[PDB]
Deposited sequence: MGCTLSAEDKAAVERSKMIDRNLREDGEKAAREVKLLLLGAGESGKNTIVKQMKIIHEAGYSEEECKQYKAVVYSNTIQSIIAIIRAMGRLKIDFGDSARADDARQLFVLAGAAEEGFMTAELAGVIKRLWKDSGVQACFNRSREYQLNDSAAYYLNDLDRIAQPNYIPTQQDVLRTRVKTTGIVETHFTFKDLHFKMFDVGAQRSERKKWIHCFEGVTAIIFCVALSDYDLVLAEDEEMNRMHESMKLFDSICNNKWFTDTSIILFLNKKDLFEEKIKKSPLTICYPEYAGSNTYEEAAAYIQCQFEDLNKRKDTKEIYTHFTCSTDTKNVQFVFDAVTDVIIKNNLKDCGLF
């Protein structure tokens, strides 16, 4: 018909804008920002600028969408498959919680409460091949606090030495042993610093390496 063949060519102007916007969206980098609460999750989005809070910080010709989900007080198992195809997961853990306990019901000492959540996110079935860019936030704010009290209040089977650069090695390995999927994905670990460029350059360096190993697996090279 005359008016049904104009309904058809409107419909493939719908189609060539769906195809055009869905190929400008497969080029941008999506990132979950998870954490445990006040574990430095605001100073990373301060370095890159009531449900999802999406943040866009295009850095070196690479559009970065970062979805903060920390204001979702619901069951996480019901909405986390929405982030199934996501490029990476930026996880924040405050290093200055290795002594202070959770004030709910005298619970675990707030780094095991982070280890509750790193194990649940890393070994999840939707994140069986999604690399994790793990951040250890308050590096200087516990280095003065590790000189007073050793790293024994949380993990009692520590070797010892009561100082920084073994606590920066034992804690980092204490998160990277929870990765029970080691051939599929990688954990990248960083220590959050006062330099305003070195913390977003690590996200750019570590997410380029997710793109490489995705382009090697999409071909036959992996």
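Got a list of the deposited-sequence ranges with no coordinates? The deposited sequence has unmodelled segments at 1 to 5, 55 to 181.
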